[PDB]
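These notes concern the structure reproduced below.
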Amino acid sequence: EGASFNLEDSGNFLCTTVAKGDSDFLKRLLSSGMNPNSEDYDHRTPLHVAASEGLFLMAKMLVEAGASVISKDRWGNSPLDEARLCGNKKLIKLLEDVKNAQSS
Amino acid sequence: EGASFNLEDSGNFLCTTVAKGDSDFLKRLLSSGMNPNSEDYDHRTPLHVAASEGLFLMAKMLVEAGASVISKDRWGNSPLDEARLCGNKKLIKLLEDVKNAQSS
Amino acid sequence: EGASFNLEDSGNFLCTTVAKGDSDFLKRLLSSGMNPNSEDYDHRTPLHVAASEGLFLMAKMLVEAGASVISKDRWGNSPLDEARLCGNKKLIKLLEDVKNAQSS
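Protein chains in written order, with the entry's author numbering: chain C, 619 to 722; chain B, 619 to 722; chain D, 619 to 722.
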């Protein structure tokens with residue numbers, strides 16, 4: 619039938635979702651179609667949070683959800699760059715592939 | 619009678635309140651006795667968030683409520699450091715004076 | 619009553635648990651008798667595979683349980699070597715310090 623979450627700070631809620639690590643909850647959220655590109659008061663995406671804490675799994679779910687790897691936080695660099703600094707080379711290369719496809 | 623907010627991730631919620639920008643709401647929350655400097659998933663205290671926003675008054679009552687100037691973000695920077703990034707001389711001076719008071 | 623898992627190749631099953639991602643299960647195992655230093659056919663502790671896969675939380679749990687981060691697998695690579703393979707700074711530092719304290 620159709621409903622929109624329209625949660626206040628939905629992006630921040632997703633960032634926190636990413637933070638706590640309830641994987642099933644975030645798969646359900648992206649299943650409904652919640653935009654992972656929504657930022658926060660820090661203007662950081664949930665993808666930023668996943669990269670910063672190095673959540674390869676959660677970040678790739680957000681990537682299939684359409685999160686922008688090239689949307690850069692106000693001071694914090696692109697989520698891919700955030701991943702580069704945090705480490706988790708696997709995450710860096712995956713987000714690198716994303717970034718290529720996205721920038722195209 | 620004895621009342622607690624009992625807010626998990628209460629620092630995160632205070633950061634979302636900073637995002638709202640409602641000084642009155644924030645004052646009420648603080649007056650209820652909640653300022654545990656719980657930072658955020660991004661390890662950014664609500665004082666850090668307000669400093670990044672450029673906020674002075676809301677940062678002011680956050681400082682008086684108990685949020686220490688020595689608190690660190692994910693980068694480990696003080697809210698005074700984030701105000702230095704902001705450059706608001708009144709905010710920088712406020713956090714600087716409180717920092718000098720608190721260093722002892 | 620004095621119960622122990624007594625599992626054969628329990629290290630391999632621990633590593634498989636790390637592959638699954640169920641952190642609570644692994645925590646229960648290590649808290650109920652499982653030794654985090656248990657290896658596999660490749661002489662890899664769950665720290666080994668966890669650091670290779672970059673699973674910061676679960677390698678953290680076995681570090682809390684306490685396992686050798688100097689132990690070399692079949693490749694002659696320590697869980698520190700696997701952390702370097704992952705590149706995640708948080709891991710790299712965490713296993714570095716824990717390995718240093720234990721190696722002494």
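Heads up, the beta-carbon is just placed ideally off N, CA and C, and yes, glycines get one too.
Which of helix, strand or coil DSSP assigns to residue i
| i | result |
| --- | --- |
| C/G629 | helix |
| D/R662 | coil |
| D/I688 | coil |
| B/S696 | coil |
| B/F643 | helix |
| B/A669 | helix |
| B/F674 | coil |
| D/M679 | helix |
| C/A621 | coil |
| B/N653 | coil |
| C/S722 | coil |
Neighbouring residues, chain C, relative to residue i (Cβ below 9 Å)
| i | result |
| --- | --- |
| D/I710 | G705 |
Buried or exposed (CB count within 10 angstroms, at least 16 for buried), residue i
| i | result |
| --- | --- |
| B/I688 | exposed |
| D/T634 | exposed |
| C/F631 | buried |
| D/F674 | buried |
| B/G620 | exposed |
| B/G629 | buried |
| D/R702 | buried |
| D/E626 | exposed |
| C/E657 | buried |
| D/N706 | buried |
| C/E700 | buried |
| C/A719 | exposed |
| D/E671 | buried |
| C/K638 | exposed |
| C/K708 | buried |
| B/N653 | buried |
| C/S686 | buried |
Residue i: contacting residues in chain D (beta-carbon distance under 7 Å)
| i | result |
| --- | --- |
| C/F674 | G672 |
Per-residue contacts from residue i into chain C (C-beta, under 8 Å)
| i | result |
| --- | --- |
| B/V667 | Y659 and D660 |
| B/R692 | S670 |
Chain B residues whose Cβ lies nearer than 7 Å to that of residue i
| i | result |
| --- | --- |
| C/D627 | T634 and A637 |
Neighbouring residues, chain B, relative to residue i (Cβ below 9 Å)
| i | result |
| --- | --- |
| C/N655 | Those within 9 Å of C/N655 in chain B number zero; the least Cβ separation is about 17 Å. |
Interface partners of residue i on chain C, CB under 7 Å
| i | result |
| --- | --- |
| B/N630 | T634 |
Residue-level contact to chain F via CB, residue i, 9 Å cutoff
| i | result |
| --- | --- |
| C/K708 | Looking at the structure shown, chain F is missing, and the protein chains on hand are C, B and D. |
Check whether the stretch 641-649 of chain B touches the stretch 699-714 of chain C, counting contact only when three or more Cβ pairs, one atom from each stretch, lie closer than 8 Å.
Because the criterion of three Cβ pairs below 8 Å is not met, the stretch 641-649 of chain B and the stretch 699-714 of chain C do not touch.
Can at least three beta-carbon pairs, one atom from the stretch 653-662 of chain B and one from the stretch 680-700 of chain B, be found at a separation below 8 Å?
With the cut-off at 8 Å, the stretch 653-662 of chain B and the stretch 680-700 of chain B touch.
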